[PDB]
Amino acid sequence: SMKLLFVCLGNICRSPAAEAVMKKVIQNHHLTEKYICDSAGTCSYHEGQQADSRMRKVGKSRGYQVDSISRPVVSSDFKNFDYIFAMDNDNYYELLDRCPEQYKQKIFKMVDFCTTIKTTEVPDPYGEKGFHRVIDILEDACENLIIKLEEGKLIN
């Protein structure tokens, strides 16, 4: 099965949402047997925590179960996962910094899969609308990502 990791700084807001959106999208495409999703953070500060309460509520309202428990990215993630998706540019470069050469090909920006939204990064939802905007971006990216993943090796 194809294993997808979604990564941000704390693994409490954007990255748990990305995991939740991707999971549902896969589901909608009846591809759950083939794909497993997870999330983690470049910073160990928050390790153990439930995802942001407002994100869970907002996510829930739009059909997404944001039930991730925060954990840090560890070295074995670079071996175990097939693809790793950074929520923003700082995470992208942070991930490349730590990633063995051997696995660097696995690391992508989440936004490189956006087709209609013109953003360069997944924004940090700081008012209320910010939570929806994050989910909007993830809906676009994730939908194209599943398309791409089933087409072959990721090339965006």
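Numbers follow the displayed sequence, beginning with 1.
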Check whether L4 goes without coordinates in at least a third of the other compared PDB entries of this protein that model residues on both sides of it.
no
Test item: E47 lacks coordinates in at least a third of other entries:
yes
Please work out which of 43-51 and 104-112 has the higher mean CA B-factor as recorded in the PDB entry.
43-51
Which of 6-14 and 138-146 has higher mean CA B factor, as the PDB entry lists it:
6-14
In the PDB entry, which of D124, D88, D38, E94 has its C-alpha at the highest B-factor?
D124
